């Protein structure tokens, strides 16, 4: 049956005392298909020059308060679905990690039976297995005349790890702000934003509005169904509020939010509509 499935974290045997999410939690929070009913702007951008820069998770394991480790990565749906909208529209994509190490997907959440998500994933495998070093990106491919229109930070739980305290992410968010480019992020992806307020008395993103994954669900429901095998040592939305950001949501409804050029999503549910929002906004800003 489909609620006799275990609520116990399954162990990941590549690592010591580290665990996948429970078969139950996977039965409620994943699915073979996503809620995607096609693209709005197939072929809209033609000139070829504009593209999206993705910053990505390269570390899979998140050490928790009980000493156990959660075996995560970026959420495939939250990465791959928005990118499908963009790529079909005619925006190319480059993939960077902090170190140039391979990108870590939460593969236990791959919608296996979705033509769009799997075909997009195939088109990105190379750039995923062999990303760019983001410091190499700042050095060359940014500046005022950069062909990056926006910087996309997908979610998953792994987005909490390196991405949250990185001077190279800070420098990238400084660039985006100072050249009116989009920052697109969703889920725990917003933990990236904590890097903007590093070595500083106040953040450049103070008074910005974002959808964030609610603390409640990480501190409460996710632990009780064995999605996470222990408590996180701090919470994305809590520290984002202490940096002077307006965390608009507190529930997981698929709500998206534009605010200046920081377009967000609250959860994995918002993947498809954050994809649609960003394509609209990007094509709008070309005028």
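Positions refer to the first chain, counted from 1.
Novice: Taking the mean of the C-alpha B-factors per stretch from the entry, tell me the winner out of 240-248 and 51-59.
Specialist: So the stretch with the higher mean C-alpha B-factor is 240-248.
Novice: Between 217-225 and 62-70, which has the larger average Cα B-factor in the PDB entry?
Specialist: Comparing 217-225 with 62-70, the higher mean C-alpha B-factor belongs to 217-225.
Novice: Name the one of 106, 78, 145, 126 with the greatest CA B-factor according to the PDB entry.
Specialist: If I rank 106, 78, 145, 126 by C-alpha B-factor, first place goes to 145.
Novice: Sort the modelled residues of this chain by their C-alpha B factor and say whether residue 207 lands in the lowest, middle or highest third.
Specialist: Highest third of the chain for residue 207's C-alpha B-factor.
Novice: Which third of the chain does residue 258 land in by C-alpha B-factor: lowest, middle or highest?
Specialist: It falls in the top third of the chain.
Novice: Residue 233: which third of its chain by C-alpha temperature factor?
Specialist: It falls in the bottom third of the chain.
Novice: Lowest, middle or highest third: where is residue 116 by C-alpha B factor in its chain?
Specialist: Highest third - that is where residue 116 ends up once the chain's C-alpha B-factors are sorted.
Novice: Quick check on the deposited entry: does the C-alpha B-factor of residue 199 sit in the lowest, middle or highest third of its chain?
Specialist: Answer is highest: the recorded C-alpha B-factor places it there.
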